[PDB]
Number of protein chains: 2
Amino acid sequence: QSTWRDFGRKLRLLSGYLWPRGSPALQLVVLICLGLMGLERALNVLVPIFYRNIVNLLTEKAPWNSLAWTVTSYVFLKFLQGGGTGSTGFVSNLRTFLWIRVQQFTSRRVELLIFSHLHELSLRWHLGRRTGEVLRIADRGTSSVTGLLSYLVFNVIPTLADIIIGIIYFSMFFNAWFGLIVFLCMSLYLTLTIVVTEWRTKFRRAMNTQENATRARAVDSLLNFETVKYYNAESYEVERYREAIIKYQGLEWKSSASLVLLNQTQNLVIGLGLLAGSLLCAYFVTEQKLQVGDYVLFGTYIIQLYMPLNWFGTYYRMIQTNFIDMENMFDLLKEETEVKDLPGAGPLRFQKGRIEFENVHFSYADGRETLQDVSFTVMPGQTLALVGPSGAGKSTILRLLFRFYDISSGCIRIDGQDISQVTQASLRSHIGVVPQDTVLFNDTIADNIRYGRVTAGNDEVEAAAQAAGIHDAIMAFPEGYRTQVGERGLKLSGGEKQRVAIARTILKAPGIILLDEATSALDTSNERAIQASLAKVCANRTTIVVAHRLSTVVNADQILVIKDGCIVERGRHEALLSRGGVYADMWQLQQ
Amino acid sequence: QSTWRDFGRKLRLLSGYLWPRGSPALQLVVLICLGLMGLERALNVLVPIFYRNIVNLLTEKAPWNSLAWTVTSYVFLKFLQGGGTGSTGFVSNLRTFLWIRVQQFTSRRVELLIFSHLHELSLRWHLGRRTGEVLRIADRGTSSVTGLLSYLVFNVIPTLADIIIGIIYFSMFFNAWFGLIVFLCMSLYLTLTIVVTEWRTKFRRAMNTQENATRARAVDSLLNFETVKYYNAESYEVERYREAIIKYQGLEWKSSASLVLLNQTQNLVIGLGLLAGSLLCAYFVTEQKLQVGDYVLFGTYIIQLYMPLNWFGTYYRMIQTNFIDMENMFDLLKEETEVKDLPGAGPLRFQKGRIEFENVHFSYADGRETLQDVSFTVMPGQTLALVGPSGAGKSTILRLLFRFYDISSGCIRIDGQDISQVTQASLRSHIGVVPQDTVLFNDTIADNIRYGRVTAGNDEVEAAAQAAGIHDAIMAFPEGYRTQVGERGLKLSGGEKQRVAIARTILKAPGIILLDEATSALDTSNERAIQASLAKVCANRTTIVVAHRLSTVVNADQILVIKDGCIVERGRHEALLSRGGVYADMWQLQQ
Ligand code: HEM
Ligand SMILES: CC(C)CCC[C@@H](C)[C@H]1CC[C@H]2[C@@H]3CC=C4C[C@@H](OC(=O)CCC(=O)O)CC[C@]4(C)[C@H]3CC[C@]12C
Ligand SMILES: CC(C)CCC[C@@H](C)[C@H]1CC[C@H]2[C@@H]3CC=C4C[C@@H](OC(=O)CCC(=O)O)CC[C@]4(C)[C@H]3CC[C@]12C
Ligand SMILES: CC(C)CCC[C@@H](C)[C@H]1CC[C@H]2[C@@H]3CC=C4C[C@@H](OC(=O)CCC(=O)O)CC[C@]4(C)[C@H]3CC[C@]12C
Ligand SMILES: CC(C)CCC[C@@H](C)[C@H]1CC[C@H]2[C@@H]3CC=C4C[C@@H](OC(=O)CCC(=O)O)CC[C@]4(C)[C@H]3CC[C@]12C
Ligand SMILES: CC(C)CCC[C@@H](C)[C@H]1CC[C@H]2[C@@H]3CC=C4C[C@@H](OC(=O)CCC(=O)O)CC[C@]4(C)[C@H]3CC[C@]12C
Ligand SMILES: CC(C)CCC[C@@H](C)[C@H]1CC[C@H]2[C@@H]3CC=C4C[C@@H](OC(=O)CCC(=O)O)CC[C@]4(C)[C@H]3CC[C@]12C
Ligand SMILES: N[C@@H](CCC(=O)N[C@@H](CS)C(=O)NCC(=O)O)C(=O)O
Ligand SMILES: N[C@@H](CCC(=O)N[C@@H](CS)C(=O)NCC(=O)O)C(=O)O
Ligand SMILES: N[C@@H](CCC(=O)N[C@@H](CS)C(=O)NCC(=O)O)C(=O)O
Ligand SMILES: N[C@@H](CCC(=O)N[C@@H](CS)C(=O)NCC(=O)O)C(=O)O
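Residues numbered from 1 in each chain as written, not as in the entry; some residues may be left out. Chains lettered and ligands numbered in written order. Heavy atoms only, no water. Residues with missing side-chain atoms left out of burial classes, pairs and counts.

Per the deposition metadata, cryo-EM was the technique used to determine this entry, at a resolution of 3.6 Å.

Have a look at this one:
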């Protein structure tokens, strides 16, 4: 009693996992599946008993008909039970085929749960962890839980149960010494298998690691084809690749040899047990203590026990690795940040459109605070701009306005309504934003510009395309609206991406339009046509913008200049030139 | 005789493949391995004969000692042959362990051959094919050839051979009707397996394709986390993912059910054959025509035949897919471009350093020729520049100078030496070039700036680092020279990349230094320090450059302006301003 209470709640949670909590018929499928597994374990003893009975009736003179009937019964059981390999039988195969429905339900439920829980985390969690490996953890976790349940319920517990049935049949119906032989032989076999597998796993993991390094050495060398052509180094690249190959062979040989040693040890143990049992059984049956078929029964029973026990090592490794992998996935599932939550849940009301700041500090980086009590306010229809010395402070201002991160000390309200207790669905309904640079994922134009809401209609979406004028390029595409777009599809322009963005935010029709402008190269005339479209979508809508151009500065109804989280200049475009602060110096460098 | 002559030369080439053409002992290993395979096929008949002999001596009254000796011999053969037919016995396992050396030689040779042949192709071939899939073809080809040889030599030919031995043993030593039963049963079994597998492969491939699509729908949705957070579409993303899951289940169920049907058909056929054989054998042995152990012999022989024949379907699929995959790899191996080759092989001599052009046209794009008879010449030490209206013509001029592509009509010589018959090793020895933007692959600084030649020494490479002044940033790294660098390693600056480039070309010490400048953002003072380093490495060296800045234009000793492959302006910086062509207009827009 050392490792008992730790595994209990985890095994209880997995016990909750396999049983469908609400499904009507799936639980019946589970019960009938376990019933078939039990009946197959019955067949594993009831076949060779009939074999002994056949050879007993044959070895003495018997009538033809009764012997024929029992032979038919024997070959019938050799059909219902598997011919060999604990599979290939009308009972185990029907168990597998009838089992395949519940695995679908289990996999779908667990994997959709983990997918929703990845989309519920906050932004700050994702920027820390490498996104290229969380995916692997989740996928391997789902495959791990289905594999672990399948293996450890249907191919390890039945085998050990069959060992126990075996020791009992021999002890109760044969001499005790036969039970001693089978017991000692199978216990020794299991102990040798366990020890050698836990020794061999080191070579296994070292081989895998070196394999992933050698393959990478090559993909990169071919991809940098241009550089290796430059520097006249083909022979050097080939030689270094050969060295990586040689090291990989030097590990793989060790792994394969260890496998052979394990296999030969197992075979020797079963052969030794078979020799002892066959000799002793022969001695009794030639001393008239037993019957002729008992030797045949013992031979076929040892072979029948050995055939599924041969695959014990790989089950042991796979249960170990999926167990630790489920532990990692379960750890990630319990991990949770969700900074934006309040149980009061008072959704936002839109009545004016006033954006007011009140003395808020902020530190997404630890220690270095990037906000010193900035405070301003706007009226409905007001257009604000934010330009100053280079820094991510304005971008963080937008992101904290969007309830990505949290205020540190202070509060920001919209229309005098505190944003702390508002549901985020209500907030992201009221707000809308064209970003830095949009990313358009692999789909057609039609649904991707329908993406602004679920209920987007066809007439509405062609109406919005006419509103923001993509239709010329859309007809310039081969099939038009059904054009496949993305990394799989066609490459587009950054101006086209901003056109997509203004289309989908038109479809959203937000209260306040936020903008975040990039340094994408475009001619000024088309840039200002896009600016006119943004001006008309923000017409009678309050607007906060970051800008980099002179017109995009001078359009401001309330400019603001900040650096390192503090307000330094304010007013308008003409007033700050007459003031001649850093605005006047920056304006000459924008020429 | 329809598909005989087509397979002959391919099978002859694979016959050349397995046999090592020069190795002394590997051929001996191959012969001893085939000898062990033959002896194992002998054991597969010699075991159950002894089983029948044991039960025959047991069923009559026999002395203890002789029976004990033959029982020991039987269990001994059950050790040498697999306890369970398959790879579980000393005769076969030693074959696998002793075989593992020749597979290393085969895999290393074929995969290094294909790697060298990918590095021998020209540049124009790579820009056409997607590089993201040639890699898959090569890797799967090498794994295909080793798998195909292993499967089709060691687990299909032996099984069919064992079937033939079986029909003969029964026909020659038993009644002819037993041979008829085993023949008809195994022929029917093979035909059913073949037909059902070739029917099932459709569901297999459809399941794989839908699987790769569903997974991709998810990785992209998580990666665009920011956009899906913007547009308030978590529930929509989850729902669309659930639809993809449901379609995937709707295919996977069909595949699994087809597998179950195949397995049950196989088991039913073997069970039916076993029933017919056991009944008829029982009738003869109760009519005194045979001996008691003949029933036992037939039962164990049918089980021994069935146990390896159960795995026929997956061998059939895997031989089919690796066969077509080896065909693809072999097609790619025979594919070859190698535009730069002449058997005369007259290497370049460097005596002056004069670069002369003589009336050459060029068309890397078909039809649209991008070179109209450009011709000029330089003296040793001359510095040339190439700036004009935007176009890839200058870049192609450098690339054709480097013997990437070919001249179309005309010739270009260096120092009056024709570059057509020069060996490319001689050319790339004499020439050196700093490129557009270098790529530095995953290694340390030390060998990556040693990369300019194989014989790079430690004192030389620290000397070159002192020469080009990276040493301050190198000590600014954590451990200094052993810093791991790349995508795995640290990110660096573009100026640092150009420093690496000037270091490795210093180490090369070429005749003519070519440069190709990018639009990387850098301050002018450090840019001109880098320019001074390039000026001193090209000091007393002829130089051809593309430029974008005023100083990088006015340094030219012989300027040249081209557009769409034709020469339009020439002279120097001052002369073309006085001429006032497109040079004067472009110079005002460079301000
Ligand atoms: C889903 C679980 C399984 C996996 C992942 C698996 C994996 C593999 C793989 C990758 C091979 C190719 C040969 C190799 O890699 O050396 C293979 C072959 C084989 N598997 Fe499985 N297998 C599984 C289930 C089973 C079961 C249940 C059995 C029967 C007890 C079995 C018996 C075999 C046999 C006899 C071979 C051929 C060995 C040879 O040709 O040398 N496998 N398996
Ligand atoms: C979930 C798993 C662990 C269930 C395992 C079930 C076994 C522990 C038991 C339950 C029913 C038992 C069977 C019940 C009846 C029979 C028939 C019996 O055949 C006879 O000839 C007995 C009657 C007689 O004396 O005539 C031989 C044992 C056997 C197969 C028993 C073998 C052991 C079995 C399979
Ligand atoms: C459903 C498909 C797969 C066909 C399955 C057929 C079997 C169920 C048949 C075929 C051969 C039959 C056997 C053929 C001959 C005999 C001898 C026969 O002997 C007598 O009738 C004794 C003399 C008498 O009383 O007339 C008893 C039935 C038996 C064992 C038969 C039992 C039923 C068997 C196994
Ligand atoms: C390494 C693994 C395979 C275990 C091997 C153990 C055997 C070497 C041992 C354990 C059980 C022993 C047997 C247990 C009981 C008996 C019965 C015993 O019988 C009598 O004493 C009288 C018999 C009679 O009068 O008929 C003779 C020794 C013998 C065969 C023993 C011989 C040696 C055996 C087979
Ligand atoms: C697949 C390729 C490599 C061909 C493989 C051929 C073997 C499968 C054959 C060839 C010769 C055969 C043997 C020829 C003669 C005998 C003796 C035969 O009887 C005896 O052992 C003694 C008989 C007597 O007393 O005369 C048992 C089968 C055996 C070993 C045969 C087993 C199968 C063998 C090895
Ligand atoms: C190498 C390691 C794995 C040990 C292997 C041991 C076997 C080779 C031994 C152990 C038991 C032995 C058997 C034990 C008893 C007998 C009875 C013995 O009967 C006699 O006739 C002997 C006495 C006499 O001469 O009258 C003949 C040898 C035999 C079969 C022995 C043959 C050799 C065996 C199988
Ligand atoms: C579906 C697959 C598994 C094929 C099944 C074929 C059987 C239904 C056939 C083929 C071989 C036939 C046997 C071939 C030869 C004989 C011996 C023949 O013997 C005699 O004529 C006299 C025997 C004597 O006097 O001892 C009786 C019929 C029988 C058993 C035949 C019965 C029907 C068999 C088993
Ligand atoms: N949460 C996703 C994860 C999907 C996933 O991880 N897919 C694999 C390919 S089958 C992958 O891209 N692995 C990440 C890697 O190892 O690069 C899911 O389970 O659907
Ligand atoms: N009999 C051995 C091996 C049985 C076997 O055939 N397993 C195969 C897999 S199908 C194996 O070990 N291959 C290497 C691996 O799985 O890593 C054991 O005790 O596990
Ligand atoms: N020629 C290389 C090719 C290596 C290769 O193709 N590796 C695989 C991974 S095992 C890869 O790059 N896959 C790319 C992909 O799947 O897109 C070799 O055989 O060593
Ligand atoms: N008995 C079946 C299957 C035998 C078997 O165990 N094969 C496994 C692979 S280890 C299988 O079919 N798995 C599914 C697959 O390979 O697609 C046959 O006729 O091939």
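Resuming the write-up.
Of the two faces of strand β9 (residues 543-546) of chain A, the one lined by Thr543 and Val545 of chain A and the one lined by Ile544 and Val546 of chain A are each fully buried. Read from strand β8 (residues 512-515) of chain A through helix α19 (residues 524-537) of chain A to β9 of chain A, the crossover connection turns out right-handed. (Buried < 20%, exposed > 50% of the residue type's maximum accessible area, 1.4 Å probe, protein only. Helix = DSSP H or I, 4+ residues; strand = E, 2+ residues; numbered from the N terminus. Right-handed = clockwise from strand over helix to strand, strands pointing away.)

Position of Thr444 of chain A among the secondary structure elements: in strand β6 (residues 443-444). Excluding anything up to four places from it in sequence, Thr444 of chain A contacts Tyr481, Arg482 and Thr483 of chain A. (Contact = heavy atoms within 4.5 Å.)

Let's shift gears to the environment of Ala509 of chain A. Relative to the elements of secondary structure, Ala509 of chain A occurs in the loop between α18 (494-508) and β8. Along the chain, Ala509 of chain A and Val71 of chain A lie 438 residues apart, while their C-alpha atoms are 81 Å from each other.

Residues and elements named next belong to chain A. Residues in contact with ligand 4, as listed here, are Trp177, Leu180, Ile181, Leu184, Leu272, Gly273, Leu280 and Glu287. Between ligand 4 and the protein, one listed contact pairs an oxygen atom with a side-chain N or O atom of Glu287 at 3.3 Å. Protein coverage of the free-state accessible area of ligand 4, which is 760 Å², stands at 48%. Mapped by element, the contributors of at least two residues to the shell around ligand 4 are α8 (176-223) and α10 (234-286). With 4 residues, α8 is the largest single contributor of residues to the shell around ligand 4. Across the shell around ligand 4, the residue classes tally to 6 nonpolar, 1 polar and 1 charged. (Near = heavy atom within 4 Å. Polar contact = N/O pair within 3.5 Å; in protein donor to acceptor, adjacent residues only side chain to side chain. Areas by Shrake-Rupley, 256 points an atom, 1.4 Å probe, with all protein chains shown as cover. Nonpolar A, V, L, I, M, F, W, Y, C, P; charged D, E, K, R; others polar.)

This paragraph deals with the site of ligand 2. Residues in contact with ligand 2, as listed here, are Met37, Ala42 and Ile165 of chain A. If ligand 2 stood free it would expose 760 Å²; the protein chains cover 30% of that surface.

The next point concerns the interface of chain A and chain B. Across the boundary between the two partners, chain A contributes 105 residues, which contact 108 residues of chain B. Roughly 10600 Å² of surface becomes buried between chain A and chain B when both sides are summed, with 66% attributable to carbon and sulfur atoms. In this structure, the connection of chain A to chain B is made through 2 salt bridges. Two residues, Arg215 of chain A and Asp139 of chain B, come together in a salt bridge whose shortest N-O distance is 3.0 Å. Taken together, the links from chain A to chain B amount to 19 residue pairs in polar contact. Per element, the largest residue contribution to the side of chain A that touches chain B is 28 residues, and it comes from α10 of chain A. Among the residues making up the side of chain A that touches chain B, the classes are represented as 59 nonpolar, 29 polar and 17 charged. (Buried area = accessible area lost by both parts, 1.4 Å probe. Salt bridge = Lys/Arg side-chain N within 4 Å of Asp/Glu carboxyl O.)

Next up on the list: the domain arrangement of chain A. Splitting chain A by domain gives domain 1 (174-310), domain 2 (355-439 + 510-589) and domain 3 (441-491). The gap between the C-alpha centroids of domain 1 of chain A and domain 2 of chain A is 66 Å. (Domains from an automatic or database assignment.)

Superposing chain A onto chain B takes a rotation of 180° plus a shift of 0.0 Å along the axis, which leaves an RMSD of 0.2 Å. Each copy turns onto its partner about a two-fold axis. Ranked by how close their C-alpha atoms come to the rotation axis, the residues of chain A are headed by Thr59 of chain A, at 3.5 Å. When the interface residues of chain A are mapped onto chain B, 100% of them again fall at the interface, so both copies present the same face. (Least-squares fit on C-alpha atoms.)

Residues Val182 and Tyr295 of chain A together with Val182 and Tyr295 of chain B are the most contacted members of the largest nonpolar core, which totals 79 residues. Among residues more than four places away in sequence, those in contact with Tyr295 of chain B are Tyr51, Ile54, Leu58 and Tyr74 of chain A together with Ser278 and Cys281 of chain B. (Core = buried A, V, L, I, M, F, W, Y, C linked by side-chain atoms within 4.5 Å.)

Residues and elements named next belong to chain A. Reading across the sheet, the 3 strands line up as β1-β3-β4 and stay open at both edges, with antiparallel pairing between neighbours. Each having just a single partner strand, β1 (355-361) and β4 (417-418) make up the two edges of the open sheet. Relative to β4, strand β3 (residues 409-414) runs antiparallel, the two being bridged by 2 bridges. Looking at the pairing, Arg413 lines up with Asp418 of β4. (Pairing = 2+ DSSP bridges.)

Residues and elements named next belong to chain A. One open sheet accounts for 4 strands, arranged β2-β9-β8-β5; its pairing is parallel. Of all the strands in the sheet, the pair left with one neighbour each is β2 (383-386) and β5 (431-434). The average angle at which neighbouring strand axes cross in this sheet is 15°, direction not considered. Examined bridge by bridge, β2 and β9 share 4 bridges and lie parallel to one another. (Axes fitted to C-alpha atoms, helices over the stretch in contact; angles between N-to-C directions.)

Another aspect to go through is a negative patch on the surface. A surface patch of like charges, here negative, comprises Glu358, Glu369, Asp373 and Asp564 of chain A. Here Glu358 of chain A shows up in strand β1. (Patch = residues over 30% accessible without salt bridge, like charges linked within 9 Å, V, L, I, M, F, W, Y side chains within 5 Å. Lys, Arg positive; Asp, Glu negative; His and termini not counted. Charge placed at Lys NZ, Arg CZ, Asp CG, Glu CD.)

Right, let's talk about the packing of aromatic side chains for a bit. Using the criterion set out here, one finds 59 aromatic pairs over all chains in the structure. Between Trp199 of chain A and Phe203 of chain A, the ring centres sit 5.8 Å apart and the planes meet at 85°, which makes this aromatic pair edge-to-face. Within this pair, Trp199 of chain A and its partner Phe203 of chain A are both found in helix α8, separated by 4 residues, close to a single helical turn. Consider the rings of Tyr295 of chain A and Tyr51 of chain B, whose centres lie 6.2 Å apart with planes at 40°: the pair is tilted. Of this pair, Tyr295 of chain A sits in helix α11 (residues 293-309) while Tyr51 of chain B is found in helix α2 (residues 26-59), placing the two residues in two different chains. (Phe/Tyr/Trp six-rings, centres within 6.5 Å; stacked < 30°, edge-to-face > 60°.)

Quick look at helix α7 (residues 157-173) of chain B now. Residue and element names in this part refer to chain B. Taking 1.5 Å of rise per residue, the 17 residues of α7 would be expected to cover 24 Å, and the 24 Å separating its terminal C-alpha atoms lies within 8% of that figure. By the burial criterion, the buried members of α7 are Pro158, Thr159, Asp162, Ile163, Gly166, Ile167, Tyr169 and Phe170. Check the buried side of α7 and you find it contacts α2, α6 (131-154), α8 (176-223) and α11 (293-309). (Expected span 1.5 Å × (residues − 1).)

Another point: the pattern of salt bridges. Residues and elements named next belong to chain A. Considering all chains together, one arrives at 24 salt bridges over all chains under this definition. Residue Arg41 is joined to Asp162 by a salt bridge in which the shortest nitrogen-to-oxygen separation is 3.5 Å. In this pair, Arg41 is assigned in helix α2 (residues 26-59) and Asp162 in helix α7 (residues 157-173), connecting sequence segments 121 residues apart. A relative accessible area of 7% means that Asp162 is categorised as buried. Across the pair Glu356 and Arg354 runs a salt bridge, and its minimum N-O distance is 3.5 Å. Among the charged side chains, a network of salt bridges with common partners joins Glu40, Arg41 and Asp162.

Glancing now at helix α3 (residues 64-80) of chain B. In this model, α3 of chain B (17 residues) spans 25 Å end to end at C-alpha, consistent with the 24 Å of a helix rising 1.5 Å per residue. Those residues of α3 of chain B that sit buried are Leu67, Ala68, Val71, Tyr74, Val75, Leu77, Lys78 and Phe79 of chain B. Those residues of α3 of chain B hidden inside the fold are in contact with α10 and α11 of chain A together with α2, α4 (90-119) and α11 of chain B.

It is worth spelling out unusual backbone geometry at this point. With a phi angle near 55°, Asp373 of chain A is a residue other than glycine that sits in the positive phi range. Relative to the assigned elements, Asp373 of chain A resides in the loop between β1 and β2. On the basis of relative accessibility, which here comes to 34%, the residue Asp373 of chain A falls in the partly exposed class. In the Ramachandran plot, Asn540 of chain B falls in the positive-phi region, its phi being about 60° despite a non-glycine side chain. Note on placement: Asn540 of chain B falls in the loop between α19 (524-537) and β9 (543-546).

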